[PDB]
Amino acid sequence: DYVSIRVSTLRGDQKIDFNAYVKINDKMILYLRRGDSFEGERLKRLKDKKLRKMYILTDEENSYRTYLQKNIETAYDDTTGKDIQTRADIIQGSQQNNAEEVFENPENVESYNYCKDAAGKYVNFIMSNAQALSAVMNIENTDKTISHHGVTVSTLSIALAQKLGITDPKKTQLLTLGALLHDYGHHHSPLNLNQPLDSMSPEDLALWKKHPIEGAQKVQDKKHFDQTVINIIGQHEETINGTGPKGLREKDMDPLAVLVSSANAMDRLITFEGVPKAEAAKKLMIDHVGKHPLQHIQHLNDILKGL
Ligand SMILES: [Fe+3]
Ligand SMILES: [Fe+3]
């Protein structure tokens, strides 16, 4: 009768040609209506509801797929001059949805390859559109999900790669894909990520320390997983002074994981530890001295300042 859809796919100004329902106490309530769109403040209004999933009637699923398809086709289009925030709204949510799909179906080769293809599209979107990164950074991760957080980290990672002169398209795609999926270890975890690491109890911190190894272990034997992605999942918490969960130093790591580690540290502060964007870089330089290459943090500082 119903099929679920992820809320991150409801974005932009395209009018939906289906209704969507919320499930509460095992009943379906018509909440979004044919003709609705989600541009501007509506994104936050729906998002403030803290819903992950909504439902659509099976006889309208073709309408939903067509909606999705047009959203992506138009959002990635660099020729239309469509408002950059609307493009970013759609693309951010699509990347997020893609990551969720992989988290939920890690054995699904097709889901992984779709996400991988989309990660390459994301690189080009971010690098080609001057204001795309700032537009994406405007989309607050209010529900603190690892998928949204993956998108943010991948966004910063792309910009950092650009600053570092990393130009290989295969590397940037894999860096982005790994950043997207980096926190797979937290999937379905009972840990509340939305607290400072310095505030976690011994039990929460122990649980937290396992996530790179567990995330990596869960995908490392999957033949469709790229090694770069496995590396980033497993190594992204390592710091260059060997103070991360595994105690790896820079010399031990995939250089692309060192990059994601830097980008992640920034969003952890911003999204999970309540540090304002404009204070995060400085926070890392002083209170996280020596954990990440200073140059990475300086670049990230400039990235947030638009320099
Ligand atoms: Fe992590
Ligand atoms: Fe993370």
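Residues numbered from 1 in each chain as written, not as in the entry; some residues may be left out. Chains lettered and ligands numbered in written order. Heavy atoms only, no water.

The record names X-ray crystallography as the way this model was obtained, at a resolution of 1.700 Å.

Protein ligation of the iron ion (ligand 1) involves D183 (OD), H211 (NE2), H236 (NE2) and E237 (OE), the donor distances falling in the range 2.1 to 2.2 Å. Classification of the site at the iron ion (ligand 1) as irregular follows from its four donor atoms and the range of 89 to 178° in their angles at the metal. Counting the intervening residues between successive donors of the iron ion (ligand 1) yields the motif D-x27-H-x24-H-E. The distance between the iron ion (ligand 1) and the iron ion (ligand 2) comes to 3.3 Å, with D183 serving as a donor to both metals. In this pair, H211 is assigned in helix 8 (residues 202-219) and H236 in the loop between helix 9 (227-235) and helix 10 (255-272), connecting sequence segments 25 residues apart. Residue classification places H211 among the buried positions, given a relative accessible area of 2%. (Donors = N, O, S within 2.8 Å, 3.2 Å for Na, K, Ca; no water. Tetrahedral: all angles 85-135°; square planar, octahedral: opposite > 155°, others 65-115°. Helix = DSSP H or I, 4+ residues; strand = E, 2+ residues; numbered from the N terminus. Buried < 20%, exposed > 50% of the residue type's maximum accessible area, 1.4 Å probe, protein only.)

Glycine aside, negative phi is the norm for most residues, and most peptide bonds take the trans geometry. One non-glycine residue, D26, lies in positive phi territory at about 70°. Mapping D26 onto the fold places it in the loop between strand 2 (20-24) and strand 3 (27-32). By relative accessible area, which is 62% here, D26 ends up exposed. Despite not being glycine, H188 shows a phi value in the positive range, around 70°. In this structure, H188 sits in the loop between helix 7 (169-181) and helix 8. Owing to a relative accessible area of 72%, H188 belongs among the exposed residues under this scheme.

Turning our eyes to something else, we now look at the nonpolar core. The biggest cluster of nonpolar side chains holds 67 residues, and the ones touching the most others in it are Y122, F125, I126, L181, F225 and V229. The element that contributes the greatest number of residues to this core is helix 10, accounting for eleven residues. Residues in contact with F225, not counting those within four places in the same chain, are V102, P106, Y112, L181, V219, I230 and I233. Among the nonpolar cores identified, the runner-up in size contains 14 residues, and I5, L10, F38 and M54 belong to it. (Core = buried A, V, L, I, M, F, W, Y, C linked by side-chain atoms within 4.5 Å. Contact = heavy atoms within 4.5 Å.)

In the first shell of the iron ion (ligand 2), the protein supplies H149 (NE2), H182 (NE2), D183 (OD) and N264 (OD1), at 2.1 to 2.3 Å from the metal. Its four donor atoms give the iron ion (ligand 2) angles of 81 to 168° at the centre, a pattern that matches the irregular case. Here the donor residues of the iron ion (ligand 2) are spaced in sequence according to H-x32-H-D-x80-N.

Let us look at the packing of helix 4 (residues 109-128) against helix 7. Where helix 4 meets helix 7, the axes come as close as 8 Å, and the angle between the chain directions of the two elements is 110°. Taken together, helix 4 and helix 7 sit at an angle that is classed as roughly perpendicular. Handedness of the crossing formed by helix 4 with helix 7: right-handed. From helix 4, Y112, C115, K116, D117, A119, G120, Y122, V123 and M127 reach across to helix 7, where they touch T172, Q173, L174, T176, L177, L180 and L181. (Axes fitted to C-alpha atoms, helices over the stretch in contact; angles between N-to-C directions. Parallel < 35°, antiparallel > 145°, perpendicular 65-115°, else oblique. Left-handed = near helix turned anticlockwise from the far one by under 90°.)

Summarizing the sequence annotation, UniProt attributes the feature "binding site: Fe(3+) 2" (unreviewed entry) to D183, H211, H236 and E237 in the numbering used throughout. Their sequence span is 55 residues, while the largest C-alpha to C-alpha distance among them is just 10.1 Å; these annotated residues converge on one region. Apart from the residues lying within four places of it in its own chain, the contact partners of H211 are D183, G185, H186, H236 and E237. At 3.1 Å, the side chain of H211 and the side chain of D183 are in polar contact. By relative accessible area, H236 is classed as buried at 0%. The residues contacting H236, other than those within four sequence positions of it, are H182, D183, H211, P212, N231, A257, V260, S261 and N264. In terms of polar contacts, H236 uses its side chain to reach the backbone carbonyl oxygen of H182, at 3.4 Å. (UniProt positions renumbered as here; feature names shortened; annotations may be inferred. Polar contact = N/O pair within 3.5 Å; in protein donor to acceptor, adjacent residues only side chain to side chain.)

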